[PDB]
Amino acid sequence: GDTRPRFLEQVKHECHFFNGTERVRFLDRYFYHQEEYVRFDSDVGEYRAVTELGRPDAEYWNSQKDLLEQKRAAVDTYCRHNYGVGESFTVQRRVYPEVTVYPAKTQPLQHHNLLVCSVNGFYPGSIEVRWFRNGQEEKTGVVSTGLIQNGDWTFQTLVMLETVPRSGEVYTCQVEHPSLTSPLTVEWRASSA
């Protein structure tokens, strides 16, 4: 309803961590709407205009030597410091997946179905989910949602298997995740339900 034009300024101060805290990169990034116009990169050591809109700021800010020294110390004073503060509840966080299996539509044997393995509530994102028919891994006919962020520090994923189920078959979904020491596995039997 409200059609007044909008104007947006964003600033993203980023810390990127490689190999624990052994390598850190700090990026101080300024945006006008969606477009980055100036940044400080710890791998460069000074501000650089990203668009011509940023040229005046880069020139102005690089002429202030105590500003620069402070940005140059951000890898330590800011990045490493904040990693330390949050590490116990972020880097160190692990939450178990919950696994459920169910057919997608209810229908007779010898007719095409999707078996769903739903994996829920886990943290961090890295997971692997495998389908077996009896004891052979099925890698054709696997339709997956990929990793879904729930926005509350958990993820889910749904990994579906295309089947034409026959009477005496067992299918198993197998989940591995850094919170688990041995695979979590759930079975589904080709019965009249």
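The first residue of the shown sequence is 1; numbering continues from there.
Participant: If you average the CA temperature factors as listed in the entry, which stretch comes out higher, 56-64 or 135-143?
Facilitator: Comparing 135-143 with 56-64, the higher mean C-alpha B-factor belongs to 135-143.
Participant: Regarding 2-10 and 184-192, which shows the higher C-alpha temperature factor on average in the entry?
Facilitator: Stretch with the higher mean C-alpha B-factor: 184-192.
Participant: Which one of 104, 79, 119, 73 shows the top CA temperature factor in the record?
Facilitator: Highest C-alpha B-factor among the listed residues goes to 104.
Participant: Pick out which of 168, 124, 45, 151 has the highest C-alpha B-factor in the PDB entry.
Facilitator: Within the set 168, 124, 45, 151, 168 shows the top C-alpha B-factor.
Participant: Can you tell me which third, lowest, middle or highest, the CA B-factor of residue 24 falls into for its chain?
Facilitator: As the PDB entry reports it, the C-alpha B-factor of residue 24 lands in the middle third of its chain.
Participant: Hey, what third does residue 162 fall into on Cα B-factor, ranked over its chain?
Facilitator: Highest third, going by the recorded CA B-factors of the chain.
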